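> All I have is the shape, not the residue letters:
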Ligand SMILES: OC[C@H]1O[C@@H](O)[C@H](O)[C@@H](O)[C@@H]1O
């Protein structure tokens with residue numbers, strides 16, 4: 001009953017720039033959409049903002065070393081756009097130097113990095129020009145992605161373009177749940193198109209420069225189950241799947257939007273006008289790997305309400321994390337199998353994020369997070385079963401090396417395998433982290 005993963009399997013840890021850096025108004029960084037969003041009453045639990053956060057901006061060397069000490073050979077992080085392009089075409093050298101030093105530390109500890117170009121922290125000045133709803137933003141992104149690729153790239157083995165296009169578009173401009181906080185479906189679908197194009201843009205910049213680092217986009221995906229055998233529930237569930245999964249994966253691999261969903265969004269697509277000749281061709285560029293983020297599954301039933309999809313999620317109280325998210329590792333296996341069947345069909349799959357937020361408690365200077373553990377272990381078994389059966393899973397990154405600003409949840413949720421004392425900013429590895437260290441040592445468990 002042992003689970004040993006390939007010899008070449010990629011074991012890593014992942015973070016986000018806004019969630020851990022802090023130093024919001026330092027080194028020339030200008031405000032990002034989240035800096036603004038977090039100040040709007042009700043948008044973030046407790047009114048928390050990414051100000052200071054884990055202060056990684058100052059503790060980066062101790063963190064990267066902490067990673068090494070923990071036996072990690074890979075580290076995925078994102079670059080804060082606001083640190084690089086603080087204003088319309090200026091190129092903040094100070095921001096660039098920060099990441100350069102971060103990289104000096106990574107290479108020094110013997111780690112292999114993965115740079116994520118966009119992790120939701122769009123510069124605010126860009127949002128003032130219309131944000132992701134303006135084609136013009138794609139050019140600003142072209143400027144940004146180019147600067148990073150030129151300044152680096154010679155030492156970036158792995159390029160991660162966009163992290164979860166779905167969240168930035170649907171939640172950012174559609175539901176109002178993520179920055180900038182709009183509630184307009186037309187704007188959301190337009191933004192999703194634009195963000196997807198940027199993956200293709202970065203992909204062209206990657207080829208035009210001749211970089212050798214593997215590149216690819218990361219899509220969050222979730223397995224969808226119907227709440228019952230009722231026809232309308234089954235339909236309901238097809239709709240949710242197209243909403244989060246197929247709307248982004250289809251264009252990426254097949255060069256098109258789900259016909260059913262396109263028909264369902266009707267007037268909101270305004271005739272797909274935002275789609276210009278060449279666009280789809282630009283977006284349909286899988287690359288060398290498909291990054292995937294997974295946390296849970298959804299159980300859907302239909303409704304006849306005013307919402308966009310007229311769907312209702314069945315909230316399982318069963319094993320769940322501190323965020324109310326159900327723990328169903330089996331769905332992870334099914335999702336991965338499904339992914340390879342369509343879209344993926346062979347391409348290297350990489351789980352750029354997976355993990356859980358459990359209520360932590362410090363006892364005797366240690367964190368006995370058995371839960372976050374029953375969680376990572378079981379999902380890894382699901383990954384192991386996916387392999388062993390032919391699946392092309394090439395790696396796994398545990399989400400959140402450190403506890404951090406969990407977006408709308410603020411600091412109330414802890415996803416880290418390393419505990420952050422926010423009063424003193426001291427790092428303290430949790431039991432799950434130690435376990436992960438032994439596991440990576442034996443390359444299995
Ligand atoms: O659950 C919160 C987590 O969700 C993942 O989908 C996001 O990529 C992470 O940035 C975030 O911390």
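Looks like it arrived, so ask away. Numbering: from 1, shown residues only.

> from here on, contacts and neighbour counts on C-alpha atoms
Noted.

> which stretch of helix or strand covers residue 217?
Assigned by DSSP states H and E, residue 217 belongs to strand 214-220.

> how far out from the middle of the chain is that strand?
9 Å (CA atoms, centre = their mean, to the nearest Å).

> list the buried ones in that strand?
Using 16 or more other CA atoms under 10 Å as the test for burial, strand 214-220 gives 215, 216, 217, 218, 219, 220.

> before we move on, what about stretch 403-418?
Residues of stretch 403-418 classed as buried by neighbour count (16+ other CA under 10 Å): 403-418.

> What strands line up against the strand holding residue 217, and which way round?
Here strand 214-220 has these sheet partners by DSSP bridges: strand 158-163 (parallel), strand 290-293 (parallel).

> Please name every helix or strand in contact with whichever strand or helix holds residue 186.
Using DSSP H and E, residue 186 falls within helix 185-209. On a contact count with 3 or more CA pairs under 8 Å, 6 or more residues apart in numbering; DSSP states H and E, helix 185-209 meets helix 136-151, strand 158-163, helix 165-166, helix 279-283.

> Can you mark which positions in it are buried?
Of the residues in helix 185-209, those buried by neighbour count under the rule 16+ other CA under 10 Å are 185-203, 205-206.

> Name the residues that touch it?
Applying CA atoms under 8 Å, 6 or more residues apart in numbering, the external contacts of helix 185-209 come out as 132-135, 138, 141-142, 145-146, 149, 161-162, 165-166, 168-174, 215, 217, 248, 252, 268-270, 274-275, 279-280, 282-285, 287.

> Tell me the buried residues within those residues.
Buried, going by 16+ other CA under 10 Å: 132-135, 138, 141-142, 145-146, 149, 161-162, 165-166, 168-174, 215, 217, 248, 252, 268-269, 274, 279-280, 282-285, 287, out of the contacts of helix 185-209.

> before we move on, back to that, present the buried residues of strand 214-220 as CSV; the columns should include distance to residue 307.
Formatted as CSV, the buried residues of strand 214-220 follow (distance: CA to CA, whole Å):
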residue, distance to residue 307
215, 36
216, 33
217, 29
218, 27
219, 24
220, 22
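
> Now do the strand holding residue 217 against helix 185-209, angle only.
160 degrees (axes from the mean of the first three to the mean of the last three CA atoms, to 10 degrees).

> Now do the helix or strand just after strand 214-220: distance to the chain's middle.
As assigned by DSSP H and E, the chain's next helix or strand after strand 214-220 is strand 223-226. Centroid displacement of strand 223-226 relative to its chain, using CA atoms, centre = their mean, is 21 Å.

> Strand partners (parallel or antiparallel) of strand 223-226?
The pairing partners recorded for strand 223-226 under DSSP bridges are strand 297-302 (parallel).

> Would you mind identifying the next helix or strand past the strand it pairs with?
strand 311-313.

> Which element, helix or strand, includes residue 383?
Secondary structure from DSSP H and E places residue 383 in helix 370-386.

> elements contacting that helix?
Judged by 3+ CA pairs under 8 Å, 6+ apart, the packing partners of helix 370-386 are helix 329-339, helix 431-441.

> Can you check what angle separates it from helix 329-339?
On the basis of the same axes, to 10 degrees, helix 370-386 is oriented at 30 degrees to helix 329-339.

> Tell me which other helices or strands the helix or strand following helix 370-386 touches.
Using DSSP H and E, the helix or strand that follows helix 370-386 towards the C-terminus is strand 393-399. Applying 3+ CA pairs under 8 Å, 6+ apart, one finds that strand 393-399 contacts strand 10-14, strand 349-353.

> now strand 393-399 against helix 370-386, angle please.
Using the same axes, to 10 degrees: strand 393-399 against helix 370-386 is 170 degrees.

> Residue 377 versus the most centrally placed residue in the chain, what's the distance?
Closest residue to the average C-alpha location of the chain: residue 163 at 4.1 Å, with CA atoms, centre = their mean. According to CA to CA, to the nearest Å, residue 163 stands 24 Å off from residue 377.

> Dump the helices and strands packed on strand 393-399 to CSV, plus distance to residue 298.
Listed next are these as CSV, based on distance: least, CA to CA, whole Å:
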stretch, distance to residue 298
strand 10-14, 24
strand 349-353, 18
